[PDB]
Amino acid sequence: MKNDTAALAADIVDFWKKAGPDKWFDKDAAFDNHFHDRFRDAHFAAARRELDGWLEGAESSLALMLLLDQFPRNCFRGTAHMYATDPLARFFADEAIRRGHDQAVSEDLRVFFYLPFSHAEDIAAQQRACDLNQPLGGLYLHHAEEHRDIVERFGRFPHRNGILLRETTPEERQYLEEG
Amino acid sequence: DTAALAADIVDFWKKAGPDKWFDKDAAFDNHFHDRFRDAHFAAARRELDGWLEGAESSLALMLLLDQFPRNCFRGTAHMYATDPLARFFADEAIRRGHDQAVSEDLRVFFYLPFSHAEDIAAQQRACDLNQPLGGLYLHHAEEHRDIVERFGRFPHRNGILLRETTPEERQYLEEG
Ligand SMILES: [Ca+2]
Ligand SMILES: [Ca+2]
Ligand SMILES: [Ca+2]
Ligand SMILES: [Cl-]
Ligand SMILES: [Cl-]
Ligand SMILES: [Cl-]
């Protein structure tokens, strides 16, 4: 399943399209279970750098985003595993965008190439996320700006502090306590 | 000349943009309120029905009757008070082609009144209207519809509307 022509990559994308925004954007434990049953092995292969060849194809690169940015957020909830492949997802998102892959998938799926930037605790990534979401507009843009505001304010996502064993600052504590 | 006022409402909203339309910013809500409170009430008293004659002025009615309450009357029955009027005007604006006259970025404000109506017919209509828009706007229209097909209404409003949450609504509410 090493090449962009892999059945596995197409399977991941087919699974995502079938699930739809009903599942992409609204928490559901059955969907988490389902995603894990199908694609846990694929996640680990991607994380082991066995699927770098998927960067050759637009939809196979989308599959990489789904495995390395989305999968951990569905399937490793409440643990440091949720963030473990984020640097890899970002590295791949950058490469995919350089190849024009985000422009090659449908408008509905484009945001999955941009979410790794929203999920990074660094200002450059956040500004890049907002620029990339500008053409998508509406709620895509709103969400990118929501993330950028937290990072520009704290340099990180204070909601992660417990899981990552970081010391919460007074202003972060304030922010957390109030929403 | 209330023409200038309708234009001002649209320009306020257009320039604020999607980084403010969906946020919960008390400063923005206060700004919107202090500028357009009188306009909202004039529209609610049926003093601005003439704005149906134009596309942008009809958009202004949507912003005054559907969005304004949601920014400026939060957590109160006033959030819903002008919803029937907003749906009435949206129906008329769509009959006149005004939704199709404005770009997709702003067109959705003609359709949100249908997603905000506690009426399964309105919800099905909202899904049809958002269908060509797709993306997150269609998704949210479908989500609202899914809530209403089931219940006939929005359980999240039970507190405000002093409704006894049924057992099914109750367990719907505790879950997510
Ligand atoms: Ca090849
Ligand atoms: Ca904002
Ligand atoms: Ca669209
Ligand atoms: Cl956070
Ligand atoms: Cl959208
Ligand atoms: Cl509800």
# chains A, B, ... in the order shown; residues from 1 in each chain; ligands from 1
$ residues_around --residues "residue 144 in chain A" --least-positions-apart "5" --cutoff "8 Å" --atoms "only C-alpha atoms" --output "ChimeraX atom specification"
/A:118,126,129-130,133
$ write_last_selection --atoms "C-alpha atoms" --output "CSV table (one decimal), in the first residue's frame"
chain,number,residue,atom,x,y,z
A,118,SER,CA,-4.9,25.4,12.9
A,126,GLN,CA,-1.9,30.0,12.5
A,129,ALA,CA,-4.2,28.6,8.4
A,130,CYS,CA,-6.2,31.9,8.3
A,133,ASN,CA,-9.2,29.4,4.9
$ interface_residues --of "chain A" --to "chain B" --cutoff "6 Å" --atoms "only C-alpha atoms" --output "list in words"
residues 108, 138 and 142 of chain A
$ write_last_selection --atoms "N, CA and C atoms" --output "mmCIF file, in the first residue's frame"
data_model
loop_
_atom_site.group_PDB
_atom_site.id
_atom_site.type_symbol
_atom_site.label_atom_id
_atom_site.label_comp_id
_atom_site.auth_asym_id
_atom_site.auth_seq_id
_atom_site.Cartn_x
_atom_site.Cartn_y
_atom_site.Cartn_z
ATOM 1 N N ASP A 108 -15.272 21.054 -0.410
ATOM 2 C CA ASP A 108 -15.734 20.460 0.859
ATOM 3 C C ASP A 108 -14.618 19.760 1.637
ATOM 4 N N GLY A 138 -16.781 32.010 5.345
ATOM 5 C CA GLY A 138 -17.771 31.600 6.340
ATOM 6 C C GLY A 138 -17.199 30.947 7.583
ATOM 7 N N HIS A 142 -13.980 31.529 10.196
ATOM 8 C CA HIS A 142 -14.269 31.747 11.605
ATOM 9 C C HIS A 142 -13.458 30.769 12.481
#
$ residues_near_ligand --ligand "ligand 1" --cutoff "10 Å" --atoms "only C-alpha atoms and all ligand atoms" --output "number ranges by chain"
A: 3-5, 53-57
$ write_last_selection --atoms "C-alpha atoms" --output "CSV table (one decimal), in the first residue's frame"
chain,number,residue,atom,x,y,z
A,3,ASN,CA,2.2,4.2,-3.5
A,4,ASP,CA,-0.4,7.0,-4.1
A,5,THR,CA,-2.3,4.4,-6.1
A,53,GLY,CA,4.7,7.8,-1.2
A,54,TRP,CA,1.1,9.0,-0.8
A,55,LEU,CA,2.4,12.5,-1.2
A,56,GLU,CA,2.4,11.7,-4.9
A,57,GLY,CA,-1.4,11.9,-5.2
$ select_by_dssp --residues "range 6-138 of chain A" --states "alpha helix (DSSP H)" --output "ChimeraX atom specification"
/A:7-19,21-24,29-47,58-65,71-75,86-98,101-104,107-110,115-118,123-133,138
$ residues_around --residues "residue 162 in chain A" --least-positions-apart "4" --cutoff "12 Å" --atoms "only C-alpha atoms" --output "PDB file with C-alpha atoms, in the first residue's frame"
ATOM      1  CA  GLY A  78      -8.050  12.597  26.433  1.00  0.00           C
ATOM      2  CA  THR A  79      -4.416  11.533  25.894  1.00  0.00           C
ATOM      3  CA  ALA A  80      -1.106  12.937  24.664  1.00  0.00           C
ATOM      4  CA  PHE A 157      -3.630  25.880  23.596  1.00  0.00           C
ATOM      5  CA  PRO A 158      -4.152  26.021  27.361  1.00  0.00           C
ATOM      6  CA  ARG A 166       2.454  21.951  31.483  1.00  0.00           C
ATOM      7  CA  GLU A 167       2.124  24.553  34.179  1.00  0.00           C
ATOM      8  CA  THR A 168      -0.969  26.668  33.599  1.00  0.00           C
ATOM      9  CA  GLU A 172      -4.544  30.780  31.144  1.00  0.00           C
ATOM     10  CA  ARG A 173      -6.233  29.637  34.349  1.00  0.00           C
ATOM     11  CA  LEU A 176     -10.007  28.092  31.153  1.00  0.00           C
TER      12      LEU A 176
END
$ closest_residue --among "B:9, B:16, B:59, B:129" --to "residue 38 in chain B" --atoms "only C-alpha atoms"
B:9
$ atom_distance --atom1 "CA of residue 41 in chain A" --atom2 "CA of residue 110 in chain A"
24.5 Å
$ residues_around --residues "residue 27 in chain A" --least-positions-apart "4" --cutoff "10 Å" --atoms "only C-alpha atoms" --output "list in words"
residues 22, 23, 31, 32 and 74 of chain A; 176 of chain B
$ closest_residue --among "B:164, B:146, B:92, B:29" --to "residue 61 in chain B" --atoms "only C-alpha atoms"
B:92
